[PDB]
């Protein structure tokens, strides 16, 4: 048995790993490269799509499913297994990617082909392919997210997919993995733990109370698949102590994802499921408003507070959020709250450095609004959580993280007596 990394090697996007065992070839994830690596989506996979026997998707994020249409475009016509939640979320994710994408590397017929081959596989259900047995484990990273357990030829491999941050409340705690001969694992935050969730939420509420009370606007850059909804969950469960104010989910996609949530109740934490059992949707705080078009979105730029505004892009690469910032950062009564990681060198990092001004949409904008970075809202396991999840596993191969961060985690693993390496693109690892 062997596993070949075809993405996320010393980087966080492009996840796709080819499992070769028992005359079978199983692709684990098929994600697109994003940001600076975007162009790579137009390059070859590095393997023959037509020779793949099956595909398993750990979750619906674009960096895990974004190249699937390309796989079918290149001839693949086999099944694609994923939890029902992932299957449903995927359709929204792929259709959106198809419409907003700059230089397309796949067309509508490819998306249609990909969606038509999806087959539901839930946690603990075993897939039998040749002499290979595969099953999903609870990853607690997104509704329907999982890690993969593959057993065959007397060997056991575990692919972590992305692991969640157990301190949070919306998703179930990730399950521990079985003892394995090899574990292919993400190390996104291999260098450090996150700030505790509880205190992060208290701080979040204090920022909203002060800002809304003084008539200002709380601006929140956010991604649309689960982070935006988690903030809505916090607002629903704790809004009672906040001043009355409209909450604008200024993201059609986040709106579409939210409408799907009631159908995905069984995929959330027990706490969330208990709320739904009481009859009310915990993801819809009072005053919620989903903003569908540009006209109303722009209007928010000049409308006075108090108001809470959630918008993408989550890492400020573009989107409605940029217009909100352009018009909101110069007012000291406003507050900018980051609830998701901002990579070095991006606009977010630039703002976090707190310079006197920042250039947005071709204009120098004075930075007067307060700025807060709440890393405790991270949806990835922190270094401490990563170490706990990997405890007792003899061999680990790291992927999905910046080299320096994987190295930091790897150092600790080796010191703990666990064999560890940083996966190299296209280089097979024996299990």
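Numbering follows the first chain given and starts at 1.
Relative to one another, 105-113 and 350-358 have unequal mean CA B-factors, and 350-358 is the one with the higher figure. Higher average CA B factor: 339-347, of the stretches 306-314 and 339-347. Per the deposited coordinates, the residue with the largest Cα temperature factor out of 211, 330, 229, 188 is 330. The PDB entry assigns the greatest CA B-factor among 21, 423, 18, 415 to 21. The PDB entry assigns residue 3 a C-alpha temperature factor belonging to the middle third of its chain's modelled residues. The entry lists a Cα temperature factor for residue 276 that places it in the highest third of the chain's modelled residues.
Placement of the Cα temperature factor of residue 215 within the chain: middle third of the modelled residues, per the deposited record. When all modelled residues of the chain are sorted by CA temperature factor, residue 376 is found within the lowest third. In the PDB entry, a CA B factor belonging to the middle third of its chain's modelled residues is recorded for residue 120.
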